[PDB]
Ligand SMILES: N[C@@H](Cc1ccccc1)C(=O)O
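Take a look at this one chain, the form solved without ligand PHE, written out in structure tokens.
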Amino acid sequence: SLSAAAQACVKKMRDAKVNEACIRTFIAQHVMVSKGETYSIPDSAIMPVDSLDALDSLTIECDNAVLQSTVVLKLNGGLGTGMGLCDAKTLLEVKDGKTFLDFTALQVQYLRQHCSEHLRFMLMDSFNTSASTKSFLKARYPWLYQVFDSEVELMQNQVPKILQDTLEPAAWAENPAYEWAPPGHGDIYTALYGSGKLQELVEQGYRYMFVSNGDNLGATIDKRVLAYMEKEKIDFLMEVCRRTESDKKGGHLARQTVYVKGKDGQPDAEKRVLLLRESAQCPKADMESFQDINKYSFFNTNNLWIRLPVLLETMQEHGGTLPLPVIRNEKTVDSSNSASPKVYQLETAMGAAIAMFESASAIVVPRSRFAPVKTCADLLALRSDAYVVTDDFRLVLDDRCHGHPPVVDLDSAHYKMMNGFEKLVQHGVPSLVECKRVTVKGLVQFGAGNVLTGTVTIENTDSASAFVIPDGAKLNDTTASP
């Protein structure tokens, strides 16, 4: 019943000893691509979401039994290629000579000292990040390195890149490792299931997992969310933020409607079903609607809560898989070689699981739980005094910002790559806590101890020489130029 290409993929994955849960999931995605539909989510197929509960209005806290059954997992499998990064993004220095991983470890240390003595912590790594992460922890956090292989690390899968023309697995003799890729952070569910770790966690009495992006250092356990899921009997919960103009990269919440006749005497009830639309899933034609922050104002933080026994149950009863919608990425087998074979890379997003559970929901959270670093512009804000370190080692906005992050717009021609960004701040990172918006155009270099207030634009029209701001300069609601 399977196509010759699909069977070629099975053989390649079996010969490579890929676990069967990954194979089953990949082949189901391969079939669907071979048929035709590419899981595009057009505008006519969805509606905006209107009403959601808000974390800031909740007050009930869960008891310590619920809290002790919660696992924390941080995603760490991607690379920061967009920022000119060839390793795990979590090894970037973010503040005071400390990296994302430093603060992650310190947060876990704090929760074990003051809240949950035996907190279970996991990191999802990939083939591209595991070595660096392990070497980093051995030298700085021995207590994590001691149990890294056995308890902390969740290794995600590698799946074959498939040729566009035939859908067979690609061949790249120069470097066969480039014939494989991690299939997105949606792979967390397949990796947990296929490795037996999901079953193991449920056996050990864990009932909730809190997952968040490795680059988001504002995400920690909140006992008001756990009480909410207990009271409302929620099995999957997505934290969303009110969307700003700085939220370009990820995905937004949306809804559909399904009519259920619902037994006899009682009438049919309209039912809302929630879904996630990633940028990669929107047709380029309808991209004007995807970026409309008024129509779709709820932005996925990727702070996710999952009821582990339910996850395990629906995966078992669905062929040992979670059938998430696939994202068909288009690339060359070697990215640095635009002449190499053209391929599709099948991926999924873990937020898409909001559509897999009958009792799924979303909650609006404040910006204090969402400090993403997708660009060097984000890294500039994070490194500045606009962000502070809490007692439990989170990075949150300084109270003076009032939950509005400073809007940082840096010239992509000069500051998209890390090396260009390090030039911009060679002599010091300006004060931004009082700055509503800063725009940098052309080649610029901040001075030592600058202070930006209000709406600042630094502009250099020639871009041969760097406009170097004088040390101590203080700019208030103005454009600065040569």
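One rule holds for the numbers: they count along the sequence shown, beginning at 1.
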So which stretch wins on mean C-alpha B-factor, 172-180 or 291-299? 291-299
Tell me which stretch, 459-467 or 18-26, has the higher mean Cα B-factor listed in the entry. 459-467
Sorting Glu200, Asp391, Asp187, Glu153 by Cα temperature factor from the record, which one lands on top? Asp391
Per the entry's Cα B factor values, which of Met122, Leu324, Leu111, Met209 stands out as the maximum? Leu111
Going by the entry, which third of its chain does the Cα temperature factor of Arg437 land in? middle
Taking the values exactly as deposited, rank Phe421 by C-alpha B-factor within its chain and report the matching third: lowest, middle or highest. middle
Of the three thirds of Cα B-factor ranks in this chain, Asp268 occupies the highest
Where does the C-alpha B-factor of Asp96 rank in its chain, lowest, middle or highest third? highest
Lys261: which third of its chain by C-alpha temperature factor? highest
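As for the form deposited with ligand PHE bound, it is not shown, yet the points below apply to it.
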Picking from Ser368, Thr332, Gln316, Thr166, the single residue whose non-hydrogen atoms come within 4.5 angstroms of ligand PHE in the deposited complex is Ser368
Taking 4.5 Å between heavy atoms as the contact cutoff, choose which of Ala377, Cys241, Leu312, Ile234 touches ligand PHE in the deposited complex. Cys241
Any chance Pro142 has a heavy atom within 4.5 Å of ligand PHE in the deposited complex? no
Is the gap between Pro267 and ligand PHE in the deposited complex 4.5 Å or less for some heavy atom pair? no
4.5 angstroms heavy atom contact with ligand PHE in the deposited complex for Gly403: yes
Would you mind picking out the stretch of 170-178, 192-200, 241-249, 131-139 that comes within 4.5 angstroms of ligand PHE in the deposited complex, counting non-hydrogen atoms? 241-249
